[PDB]
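K.L.:
Model the structure of this input:
(chains A, B, C, D, E, F, G, H, I and J)
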Amino acid sequence: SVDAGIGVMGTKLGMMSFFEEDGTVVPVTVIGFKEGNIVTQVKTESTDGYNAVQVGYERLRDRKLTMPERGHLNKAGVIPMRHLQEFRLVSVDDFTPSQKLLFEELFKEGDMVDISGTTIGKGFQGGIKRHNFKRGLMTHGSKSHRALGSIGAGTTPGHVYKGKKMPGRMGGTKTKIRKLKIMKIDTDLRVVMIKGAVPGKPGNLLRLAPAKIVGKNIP
Amino acid sequence: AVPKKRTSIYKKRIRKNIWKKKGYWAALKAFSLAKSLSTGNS
Amino acid sequence: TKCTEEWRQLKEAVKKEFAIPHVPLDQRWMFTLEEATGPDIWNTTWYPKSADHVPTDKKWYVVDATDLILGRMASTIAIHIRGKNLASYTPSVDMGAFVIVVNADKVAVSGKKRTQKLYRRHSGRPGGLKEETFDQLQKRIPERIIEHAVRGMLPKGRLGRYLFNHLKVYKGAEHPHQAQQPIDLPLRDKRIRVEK
Amino acid sequence: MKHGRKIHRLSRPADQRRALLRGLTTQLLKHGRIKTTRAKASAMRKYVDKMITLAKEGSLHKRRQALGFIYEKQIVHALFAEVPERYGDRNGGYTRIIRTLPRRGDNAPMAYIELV
RNA sequence: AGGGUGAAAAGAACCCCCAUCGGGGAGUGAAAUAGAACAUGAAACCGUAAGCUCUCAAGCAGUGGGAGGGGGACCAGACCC
RNA sequence: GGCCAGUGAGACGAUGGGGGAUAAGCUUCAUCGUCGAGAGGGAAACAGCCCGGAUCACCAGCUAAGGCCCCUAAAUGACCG
RNA sequence: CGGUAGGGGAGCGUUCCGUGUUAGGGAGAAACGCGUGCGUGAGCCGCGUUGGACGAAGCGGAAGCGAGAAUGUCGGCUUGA
RNA sequence: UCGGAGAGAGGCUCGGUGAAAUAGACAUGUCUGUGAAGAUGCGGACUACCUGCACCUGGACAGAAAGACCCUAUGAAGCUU
RNA sequence: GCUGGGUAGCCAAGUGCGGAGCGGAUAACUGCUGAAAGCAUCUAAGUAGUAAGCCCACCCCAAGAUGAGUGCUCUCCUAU
RNA sequence: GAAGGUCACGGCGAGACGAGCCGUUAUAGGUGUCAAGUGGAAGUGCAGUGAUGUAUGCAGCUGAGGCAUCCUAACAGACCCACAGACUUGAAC
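P.N.:
Residues are numbered from 1 along each chain as shown, chains lettered A, B, ... in the order given. The coordinates are given below.
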């Protein structure tokens, strides 16, 4: 919950092979940005029950928004945007609304960033692919191949246990990949270069916020 | 494999009425198209 | 629609009024017989009419639970929620008052119960029984301790749920129900306050 | 699981899919308007448009390229002669999908495809 | 295995929907709430209409108590849902 | 003594024993209780334990066995340990 | 005046026969479906609708005489859908 | 090892036609206790809006065939000396 | 038809990332002060160390949490 | 016809169906082009009796990817919904 800095919204833009003057070949994700990461609302212990900052992203023609959202953004005096996401912090002040978040100035390279985002959707999938089950024999006359085998025990339990692993919808869900190196911040292009992989195909939103180690948070 | 008893009544009504509601939805959609048939469409 | 609605409502009012004038309905206080003299209230055991027991008219109570006995308090609370308090009692309906408890986290218990007593909830899974002590739970969520003690004494069933809601437990001393003017609760027991 | 895979199957194998698209393309070119299903129509826009595009650069090579397709010589000779006059202006998108009433004996959705 | 329109075929001219089937008016008849799938027409089963009534419930489904609501062109502390 | 039946698989508990391993909701006899064929109340539920033998009605009363913090009738009764 | 096997006593209905080609009945019988009558019960008794011609008592008689169970049996109609 | 990808026929959705074995009644939770000794139905708790569709088979001592093993019947039948 | 290549997608044998706390209460154990029992004694008052075990913390879900929470913002004209 | 919601219309890195999300004058397709794949087309010239080679030519054919451009289809339109919010107490201009 309580995040170790203010995060920043972002967009995935494929993978690059990034070299260095050693000759270490490094795999990297190009992360682009679209109008803003503008602060919208500030929540407090005073009125709202907790400390937090809401941050929009991605500009629109202001017909595609609804009256209520138009009001909520026009109260802050802000460009039309989707994707208001919160960041619950302990720190509260110096986040007054209509203030742009300089991704360039707020990270500073070699940081190890924690990126969330919704993953690739693999539909309704079987026990094997979903829960890393094994399959039965192929020959020696086995009419079982890919299946769950037995489910439960016998008359004693007399029913199927709750959260028994079964075929279901794998993918299309949020997963924080945490601790990831920032390789380069292109001043020119406004494009962050992060080591490794990141959830979803090119297009997805990403909640880009700093390392959340247990010497940083709340004992 | 096989059913233990019969559903008998009331439950079968509940089951059938949703199926008839599928029909209802189709009726709404077909009603909507009749107005589209009247005027324009180029 | 409008015409027929207004006209229908004008008939609904009149027919409502025609019956309201057919036999009338007291409150309590009263005297045995009156100028009703309809069906026999006197040789047929009393049973409450909804006109009597409405939820606004219900009494209130406050218990300060500091340095008390958990079980002994809870029994009286249960009684005053049921309505065995009142002469006009009925098992089928709730005609009992509400209760508000404050300083639930300072409630006391005898013996070595602060460590040894376990509160168990079982998630409903092949593993998950989760068992924590009296004091360990009190540090986290003290409300339950009173609440759980009370619900165990109320009659489990459709009524048991409804008249459970009437309990209002709280962590601290102050409570937000000043509007209702909840009076102090009477307490049958000698052992009820702790020795100190 | 069909992620970023774009191909109109038409319920068939590759035997018969190309056989369908070919024949439909021929008949459409011949008559100029045809009635078929929505899927059989909507899939057909890659091949009609490809062949009209092929009829822009009327050369020995491109006529054989097209003539492997149509399986009817005398339609493909109608193109090359016809096309560059009556499509010289138009830059892609030579095909319109009008859409009309389900087929009786299977509630199959239905459409018209014809040259624009 | 598979009988019972009517006393009498008087078995429905004509009109409407309409390619047929069948249907509604007309006409016949004591009756067509006797129309050829026709006489009396029980139950299961399938609906349509009205009165009340279920979405924090746990139930061999009733039973004793009975909140609130509804009546029957017949003014009941009575009676019914 | 006449006419005319069912029964002839029993079960548990107390005691006296046998068999068993003084194991068995084991088995076999002897004396008695209950079930069987017996509702009701006590025993959470619980044929066989305790109380008590259901002709039927009463929105009367007294009690047996057993109980009197709340779920759930009756003392959050008393005095001494 | 609890009651299984089981025995004994007292009854109700069903169709048909004597009485009787009775009265009662096309100003509505048998049936069929409803009753804020009756009885300890099996059952009885009045009702106006549907129905369209049969046929109560009482005193007697005789049986193809009473159904929920037979993996009964014939017919109908469900469920799974 | 240790799976992965793809093509067809199904599966899924829409329109048309349309079965089955099964079925005391089903308003058909989990835990532990109880009981003809292995309970959706009995006791105490816990959990739980109402209702589809897709998938899965642990239970309903699921369905199927009055056990074909075992033993009984002063049953049947083959075969042997 | 049979081979030889293969972009996207999907895949791993390929690439990244993960398991971290001087946070809490404990279990065996080790103690401090300290009587009953002038002494002793980890305990009867009190208190300190002290485990992959237990609870917070990490990560995903989550107010159908009928106990249905909280915040910001929009809308309440008529046959329409 | 409020706010909004649901349909329809073009789709999707979302999806069994519903759901989700984007689009409805840069959403899909087409066209143009460019990464990329494959490997040097057809036609013609020349060489060889001929199988064949060879030049024109990193060609030709693809292009599920990116980017550009309204050429085509996003036309036509439908359905649902509003009393400023029962009832009681107590602080407050």
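
K.L.:
okay, CA-based contacts and neighbour counts for the rest of this
P.N.:
Fine.

K.L.:
how close does the residue positioned nearest the centre of chain B get to residue A:205?
P.N.:
When chain B is reduced to its mean C-alpha position, the closest residue under C-alpha atoms, centre = their mean turns out to be residue B:22, at 1.8 Å. With distances defined as C-alpha to C-alpha, to the nearest Å, the gap from residue B:22 to residue A:205 amounts to 37 Å.

K.L.:
what's the answer for residue A:14, then?
P.N.:
Counting by C-alpha to C-alpha - residue A:14 and residue A:205 are separated by 13 Å.

K.L.:
Name the residue in these two with the higher neighbour count.
P.N.:
Looking at residue A:14 and residue A:205 with other C-alpha atoms under 10 Å in any protein chain shown, you find the greater number of neighbours at residue A:205, namely 22 against 16.

K.L.:
looking at the sheet around the more buried one, what are its partners?
P.N.:
residue A:11 (DSSP bridges).

K.L.:
Would you tell me whether the lengthiest helix in chain D gets close to RNA strand J?
P.N.:
Longest helix in chain D by number of residues, with DSSP state H as the criterion: helix D:14-31. No: on the criterion C-alpha under 7 Å from any atom of the strand, helix D:14-31 is out of touch with RNA strand J, staying 12.4 Å away.

K.L.:
Only the buried residues of that helix, if you could.
P.N.:
D:20, D:21, D:22, D:24, D:25, D:26, D:28, D:29, D:30 (16 or more other C-alpha atoms under 10 Å in any protein chain shown).

K.L.:
Save these as CSV, and put in distance to RNA strand G too.
P.N.:
Supplementary listing: those in CSV, determined by distance: C-alpha to the nearest atom of the strand, whole Å:
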residue, distance to RNA strand G
D:20, 37
D:21, 39
D:22, 42
D:24, 40
D:25, 43
D:26, 45
D:28, 44
D:29, 47
D:30, 48
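
K.L.:
What separation do you get for the residue in chain B that RNA strand I sits nearest to and residue B:41?
P.N.:
Of chain B, the residue with the smallest distance to RNA strand I, taken as C-alpha to the nearest atom of the strand, is residue B:35 at 16.2 Å. From residue B:35 over to residue B:41 the distance is 11 Å, taken as C-alpha to C-alpha.

K.L.:
And for residue C:88?
P.N.:
According to C-alpha to C-alpha, residue C:88 and residue B:41 sit 75 Å apart.

K.L.:
count of residues packed around residue 44?
P.N.:
You didn't pick a chain, so chain A it is. Neighbour count for residue A:44, taken as other C-alpha under 10 Å: 13.

K.L.:
should've been chain C
P.N.:
If you count neighbours by other C-alpha under 10 Å, residue C:44 ends up with 8.

K.L.:
Just read off the phi/psi values of the residue nearest to the centre of chain B.
P.N.:
Backbone geometry at residue B:22, expressed as degrees, to the nearest 10, gives phi -50, psi -50.

K.L.:
Next, find the distance separating it from RNA strand G.
P.N.:
Counting by C-alpha to the nearest atom of the strand, to the nearest Å, the gap between residue B:22 and RNA strand G amounts to 13 Å.

K.L.:
now swap in residue D:105 and tell me
P.N.:
Between residue D:105 and RNA strand G the distance, using C-alpha to the nearest atom of the strand, works out to 23 Å.

K.L.:
quick revisit: quick one, phi/psi of the residue of chain B closest to RNA strand I?
P.N.:
Taking degrees, to the nearest 10, you get phi -70, psi -40 for the backbone angles of residue B:35.

K.L.:
Secondary structure class of the residue lying closest to residue A:142 once chain neighbours are set aside, three-state.
P.N.:
With C-alpha to C-alpha, 6 or more residues apart in numbering or on different chains as the measure, residue A:136 is the residue that lies nearest to residue A:142, at 7.6 Å, once sequence neighbours are left out. At residue A:136 the chain is in coil, as set by DSSP: H, G, I helix; E, B strand; the rest coil.

K.L.:
thought residue A:136 was touching residue A:145?
P.N.:
Yes: in terms of C-alpha atoms under 8 Å, residue A:136 counts as a neighbour of residue A:145; the distance is 4.9 Å.

K.L.:
need the residues of chain B near RNA strand H, please.
P.N.:
With C-alpha under 7 Å from any atom of the strand as the criterion, chain B comes near RNA strand H at residues B:1-11, B:14-15, B:18, B:22-23, B:26.

K.L.:
Swap in 6 Å and give it another go.
P.N.:
Residues of chain B lying near RNA strand H by C-alpha under 6 Å from any atom of the strand: B:1, B:2, B:3, B:4, B:5, B:6, B:7, B:8, B:15.

K.L.:
do the same with chain A
P.N.:
Counting by C-alpha under 6 Å from any atom of the strand, the residues of chain A lying close to RNA strand H are A:128-129, A:134-135, A:147-160, A:167.

K.L.:
Looking at these, which are in helices?
P.N.:
A:128, A:129.

K.L.:
Just the buried subset of the residues of chain A next to RNA strand H, please.
P.N.:
In terms of neighbour count (16+ other C-alpha under 10 Å), the buried residues within the residues of chain A next to RNA strand H are residue A:148.

K.L.:
So which of the residues of chain A next to RNA strand H reach RNA strand J?
P.N.:
Restricting the residues of chain A next to RNA strand H to contacts with RNA strand J (C-alpha under 6 Å from any atom of the strand) yields no residues.

K.L.:
one step back: and the residue of chain B closest to RNA strand I, what does it touch?
P.N.:
Listed by C-alpha atoms under 8 Å, 6 or more residues apart in numbering or on different chains, residue B:35 has no contact partners.

K.L.:
any idea how far it is from residue D:2?
P.N.:
Counting by C-alpha to C-alpha - residue B:35 and residue D:2 are separated by 37 Å.

K.L.:
swap in residue B:27?
P.N.:
From residue B:27 over to residue D:2 the distance is 33 Å, taken as C-alpha to C-alpha.

K.L.:
Please apply the same query to residue C:115.
P.N.:
Separation of residue C:115 from residue D:2 (C-alpha to C-alpha) stands at 60 Å.

K.L.:
More neighbours: which of those two?
P.N.:
The residue with more neighbours, out of residue C:115 and residue D:2 and counting by other C-alpha under 10 Å, is residue C:115; that gives 12 against 7.

K.L.:
that's a helix at the more buried one, yeah?
P.N.:
Yes: read with three-state DSSP, residue C:115 is one of the residues of a helix.

K.L.:
That one is in contact with residue C:137, isn't it?
P.N.:
No: in terms of C-alpha under 8 Å, residue C:115 does not count as a neighbour of residue C:137; the distance is 10.5 Å.

K.L.:
Residue D:42: what's it in contact with?
P.N.:
residue D:97.
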